[PDB]
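J.: Mind looking over this structure? Questions follow.
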Protein chains: 2
Amino acid sequence: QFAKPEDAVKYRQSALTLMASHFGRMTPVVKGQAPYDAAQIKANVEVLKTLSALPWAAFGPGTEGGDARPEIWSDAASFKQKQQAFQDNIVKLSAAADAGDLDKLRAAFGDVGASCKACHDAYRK
Amino acid sequence: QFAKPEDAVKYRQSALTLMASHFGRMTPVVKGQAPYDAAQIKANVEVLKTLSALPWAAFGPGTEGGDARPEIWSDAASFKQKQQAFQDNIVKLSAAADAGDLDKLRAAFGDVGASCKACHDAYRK
Ligand code: HEC
Ligand code: HEC
């Protein structure tokens with residue numbers, strides 16, 4: 001699916017846009033601004049779970065481009081910990097949503113958001 | 001998530017790009033050009049299933065834009081049948097992949113592809 005590096009960039013940017021839309025739309029619920037519908041949030045977090053695993057395979061060898069910093073590949077072990085932190089946080093978010101626990105969902109959501117920002121600050125231009 | 005029509009366009013384009021990548025990468029397997037790994041295809045078709053439901057909510061009222069033709073909204077019943085045909089075909093593809101049946105997977109894949117093209121020819125500029 002990624003014949004040229006531009007194809008990997010296009011795919012990962014699309015995946016990250018979708019992941020961001022499914023994460024960000026839950027902000028009002030975790031802030032108490034909109035009612036918590038546990039079944040709807042559980043379904044949305046399943047979509048996010050699915051999406052959250054997709055970008056990383058499109059940052060393979062020779063896929064420099066987009067707004068991705070070169071240190072993703074020169075500091076691969078460190079990038080892998082930023083990715084793992086995020087994926088571990090998605091597991092926590094799923095656990096909270098599957099249990100229908102709003103207080104745990106809020107904590108997990110803030111952990112996910114902090115991991116998005118940590119990777120942005122180190123590896124996104 | 002779609003405050004302005006441009007946000008709905010961005011989301012749906014991202015979803016359609018991902019859906020296309022997960023569909024298209026199975027072409028060599030259904031053509032007999034690459035070995036069929038039933039468990040890998042089952043996992044990929046689950047991703048595609050997930051993705052295939054996402055664009056349509058981003059073609060709501062007042063979301064004209066992108067390469068979407070206006071007849072999506074002026075002929076809504078007809079667009080809904082092109083969308084349903086495609087989603088019905090994704091159910092067939094999932095059934096084949098879950099059963100590990102390559103011959104059924106090939107048929108279902110060609111049905112999905114024909115439904116992509118049918119909607120493209122009528123509703124994509
Ligand atoms: C590193 C491990 C990351 C984590 C975790 C998250 N993002 Fe990120 N993001 C990262 C990179 C290296 C890039 C640039 C990709 C490129 O090749 O250009 C991005 C990009 C985005 C984007 C823009 C996508 C686009 O349409 O171009 C968005 C909206 C984005 N990232 C959001 C986002 C959110 C909401 C995250 C947590 C849920 C998140 N990212 C995690 C690196 C990493
Ligand atoms: C109507 C019911 C559609 C079906 C079924 C499929 N697609 Fe489509 N697609 C459709 C429209 C109206 C548009 C334009 C969206 C816009 O606002 O611009 C598209 C677009 C695409 C794209 C381009 C996405 C982008 O990055 O801009 C691709 C790659 C695409 N469609 C592929 C595709 C495939 C592979 C499909 C079947 C698996 C498929 N589409 C179905 C309408 C419809």
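Numbers here mean position along the shown chain, with the first residue as 1.
Determination method: X-ray crystallography, 1.4 Å.
Even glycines carry a Cβ here, placed using N, Cα and C.
What Swiss-Prot records for B:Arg12, B:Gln13, B:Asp67, B:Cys116, B:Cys119, B:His120 is heme c binding site.
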J.: Can you list, in sequence order, the residues of the same chain other than B:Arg12, B:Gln13, B:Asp67, B:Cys116, B:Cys119, B:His120 whose CB lies within 8 Å of the CB centroid of the heme c site?
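T.: Near the heme c site, beyond B:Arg12, B:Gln13, B:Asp67, B:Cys116, B:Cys119, B:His120, sit B:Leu16, B:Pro55, B:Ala68, B:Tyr123, B:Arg124.
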J.: Including all protein chains displayed, how many Cβ atoms other than that of B:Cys116 (heme c binding site) lie within 10 Å of its Cβ?
T.: 20
J.: May I ask which residues of the same chain, at least 6 positions away in sequence, place their Cβ under 8 angstroms from the Cβ of B:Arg12 (heme c binding site)?
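T.: Result: B:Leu54, B:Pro55, B:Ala58, B:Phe59, B:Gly66, B:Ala68.
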J.: List the same-chain residues at least 6 positions away in sequence whose Cβ sits under 8 Å from the Cβ of B:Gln13 (heme c binding site), in sequence order, or say none.
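T.: Those within reach of B:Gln13 (heme c binding site), by Cβ under 8 Å and sequence separation of 6 or more, are B:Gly66.
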J.: Give me the largest Cα to Cα distance among B:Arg12, B:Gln13, B:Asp67, B:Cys116, B:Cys119, B:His120, the residues the record lists as binding heme c, in Å as a whole number.
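T.: Value for the max Cα separation, rounded to a whole number: 15 Å.
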